[PDB]
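Below you'll find only one chain, the form deposited in one PDB entry, shown as structure tokens.
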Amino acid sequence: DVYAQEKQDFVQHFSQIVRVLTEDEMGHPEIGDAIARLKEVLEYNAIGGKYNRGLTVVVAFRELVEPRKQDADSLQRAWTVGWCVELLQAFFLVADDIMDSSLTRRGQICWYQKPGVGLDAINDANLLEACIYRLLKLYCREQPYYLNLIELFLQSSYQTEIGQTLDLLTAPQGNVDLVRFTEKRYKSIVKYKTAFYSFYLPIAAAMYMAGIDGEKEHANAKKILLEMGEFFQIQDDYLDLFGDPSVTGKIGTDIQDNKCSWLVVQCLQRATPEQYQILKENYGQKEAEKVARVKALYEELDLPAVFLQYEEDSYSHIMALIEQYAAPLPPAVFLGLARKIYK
């Protein structure tokens, strides 16, 4: 709702983002071809998603900053920082798709799978990251929260990369051991690989723009946001297998990639010794028939019902956390976010 009434404004300002990231180098004709490539990278990879993470920055900003302080300049900066969060995302996702050997994202073929792109997409990804800091300097350098934002974005990237490292270490290709796939290990992975950048980052950014820089306030917001992020990633794992491809926009690879998925973790907690063997002999392999066998095992253990039940309980737990930790922040800030990810 508040998102949907912020969305189209947010999307419309992507053109100025691309304009300014392209004309920032007008005085340097010799890099024209690189700048054109950057434009193409932006348009293929930063556009086409739902922009929920970036919109969260905008929504939270309007709810945290007093209206008489929300001038045209301040709003412009708010949706610039929103787009920076979308760029960070794009940076990680382009690399993630290479490393997960994925095929599609946002209903199109992954950038690196495009003929002519391939592993050059690695440098494309790094450029998207650099754009974040080009925008922060262009729009926010003179602001009191400038350094806070730079550090928030750098820290969030480090955390996410630690998370990705845990994700990849725990999922060695060609090497199946289910013993690694524990609940404790799972929660650590998704905290770092998803929860920080998808949920803490956007709200924290808006907070700093609102002059809310207190360690206590950020720790309290973080209590709620990291838990939401844990649920969001469990939902991402569920949908990787049971989601509707025309809705998700991407083909799942967790089983083939031998991932420490929430699904496989719950399977391990429930499987008989016989079922364990079936999982062991079919998981982490590229063969369609072996993947289908894993999915059948999941459905036979009613993991879809287990997920639906977990989602209800997670929702309740998170609402409890909001009651406890939202103050002094407007509860609407966390509620709007909760509404976006729960049904």
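In this text, the rigid core denotes the largest set of C-alpha atoms whose superposition between the two forms falls within 1.5 Å. One rule holds for the numbers: they count along the sequence shown, beginning at 1.
Visitor: In the PDB record, does 12-20 or 331-339 carry the higher mean Cα temperature factor?
Guide: The stretch with the larger average C-alpha B-factor is 12-20.
Visitor: Hey, which bit's got the bigger mean C-alpha B factor in the entry, 253-261 or 267-275?
Guide: Stretch with the greater average CA B-factor: 267-275.
Visitor: For the CA B factor values reported in this entry, which option in 234, 207, 168, 179 has the top one?
Guide: Of 234, 207, 168, 179, 179 has the highest C-alpha B-factor.
Visitor: Between 222, 187, 141, 193, which one tops the list for C-alpha B-factor in the PDB entry?
Guide: The listed residue with the largest C-alpha B-factor is 141.
Visitor: Which third of the chain holds residue 239 when residues are ordered by C-alpha B factor: lowest, middle or highest?
Guide: For residue 239, the deposited C-alpha B-factor lands in the lowest third.
Visitor: Comparing against every modelled residue in the chain, figure out the third that the C-alpha B-factor of residue 211 lands in (lowest, middle or highest).
Guide: As the PDB entry reports it, the C-alpha B-factor of residue 211 lands in the middle third of its chain.
Visitor: What third of the chain, by the recorded C-alpha B-factor, contains residue 32?
Guide: Middle third.
Visitor: Using the temperature factors of the C-alpha atoms in this entry, rank residue 125 within its chain: lowest, middle or highest third.
Guide: Lowest third, going by the recorded CA B-factors of the chain.
Visitor: Lowest, middle or highest third: where is residue 72 by Cα B-factor in its chain?
Guide: For residue 72, the deposited C-alpha B-factor lands in the highest third.
As for the form solved in complex with a small molecule, it is not shown, yet the points below apply to it.
Visitor: Taking any heavy atom pair closer than or equal to 4.5 Å as contact, tell me whether residue 77 reaches the small molecule in the bound PDB entry.
Guide: Heavy-atom contact with the small molecule at 4.5 Å: absent for residue 77.
Visitor: Any of the heavy atoms of residue 89 lying within 4.5 Å of the small molecule in the bound PDB entry?
Guide: Output for residue 89 is yes: heavy atoms within 4.5 Å of the small molecule.
Visitor: Though only this chain appears here, would residue 290 touch the small molecule in the bound PDB entry if you measure heavy atom gaps against 4.5 Å?
Guide: Heavy-atom contact with the small molecule at 4.5 Å: absent for residue 290.
Visitor: Residue 52 near the small molecule in the bound PDB entry, any heavy atom under 4.5 Å?
Guide: Contact with the small molecule, yes.
Visitor: Considering the small molecule in the bound PDB entry, find the one stretch among 138-146, 229-237, 177-185, 262-270 with heavy atoms no farther than 4.5 Å from it.
Guide: In short, 229-237.
Visitor: Just one of 93, 132, 221, 205 has a heavy atom within 4.5 angstroms of the small molecule in the bound PDB entry, so which one?
Guide: The residue from 93, 132, 221, 205 that makes the contact is 93.
Visitor: Superposing the core, which one of 207, 195, 255, 149 shows a C-alpha shift reaching 2 Å or more between the shown form and the other one?
Guide: Once the cores are aligned, the residue moving by 2 Å or more is 255.
Visitor: 2 Å or more on the CA of residue 289 between the shown form and the other one, with the rigid core superposed, yes or no?
Guide: Yes, the C-alpha position differs by at least 2 Å between the shown form and the other one.
Visitor: Establish whether a shift of 2 Å or more occurs at the C-alpha of residue 241 between the shown form and the other one, with the two forms superposed on the rigid core.
Guide: True for residue 241: a C-alpha shift of 2 Å or more.
Visitor: Rigid core aligned, does the Cα position of residue 44 differ by 2 Å or more between the shown form and the other one?
Guide: After core superposition, the displacement of the residue 44 C-alpha between the shown form and the other one stays below 2 Å, so no.
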